[PDB]
């Protein structure tokens, strides 16, 4: 009814740090919430079309759609379609930066250039292959699939010859696509699944060959009116979809997709090629309840938790919906309340633990902060853990290291000098970056509220110790 989103196109999910990424497309921003929908940070907070890099408040987007998350480096790859670019959001350094593209609709069908030297034509989804460090891009404008190499910044064509046609050939130049709007990698990292929007079909792209094979939809030979689109469940060439925009391959190997113009979610088994409808009557509307009687309105993006919760960008309703998949019959689609998401204009947060410290009673002294990790977790060495100090009435207390990075052992020392008789409150906000052996980026956001009221003139040297307590899978 009162959604803070305007036409969200795509989603990505980070399950280890409890983060849901939303492309609020018609507000030209990415919105990060926790998986219960409480606001964490927004990116491109102006809300206006643009193409600027820099901090999360200098930065601007022009209709971002597809999102991909990099768990080893804590980056979000964006498909900035109307800027014809691929943007990279770095959360370690709170800057946005452009990896390829340059703002103008290029007409390059071969490519192979480095960084912003290579132009693009309306990229629409992105998926991140973590092993070979490649970003695959469903380039809707040129009817091809492209490949960004994170190691040399070279962006080249991967498959499709440039013609708009459902043609599943055996080499990159003998295949065609038709406004490919979604892409998801299989758990074997051997195939990618494409939502070939204009051909109204799901296709499987072979990541070694460069070729593709059709899985379901877009076949007129068996369609009752010889139309390549419709709304019909079945197997293979009996299936009819209408403009699927999103596709996701879950770890159980099944393919979840949004049959966008039919306002349904569907499930496709890539070996039987059987497609069944999961949720939605077919009628463009909003109503949630049991799956078979509910309503979406042009769903176009999907993310999934390991547990089995499927999130849906319900784009033409501007909601985020979710479905708990392993409840089977009783399966109901529900809506995600977005708490604290505040629309754009030209302190506190939701993922940050708040620790109250015993009041500091000396006029002057040294405050030692020692953050430790549980066993088996170590500090990241490529992303150093940072802190920043503020005090309740500025200048009530003076701290020399207003900003600092912790030592490799998680410690720092702040020197303080209180100016008044009166009570004040300091807040030490620190982002800690740590990992298990796998080196997947975990992080914790901790803010220490240090109350300050002079009760003695003799210097002291209190200690703040804190153990991080990582999140539960």
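Numbering follows the first chain given and starts at 1.
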query: Unmodelled deposited residues flanked by residue 376 on one side and residue 377 on the other; finding: none
query: 239 to 247 or 290 to 298, whichever carries the higher mean Cα B-factor; finding: 290 to 298
query: Stretch exceeding the other in mean C-alpha B-factor - 326 to 334, 311 to 319; finding: 326 to 334
query: Deposited CA B-factor, highest of 172, 141, 182, 270; finding: 172
query: Per the PDB entry, maximal CA B factor within 92, 265, 178, 204; finding: 92
query: Third of the chain, ranked by Cα B-factor, where residue 128 sits; finding: lowest
query: Relative C-alpha B-factor of residue 458, binned into the chain's lowest, middle or highest third; finding: highest
query: Chain third (lowest, middle, highest) by recorded CA B-factor, residue given as residue 17; finding: lowest
query: Entry-reported Cα temperature factor of residue 37, expressed as the chain third it lands in; finding: middle
query: Chain-wide C-alpha B factor ranking for residue 58, given as lowest, middle or highest third; finding: highest
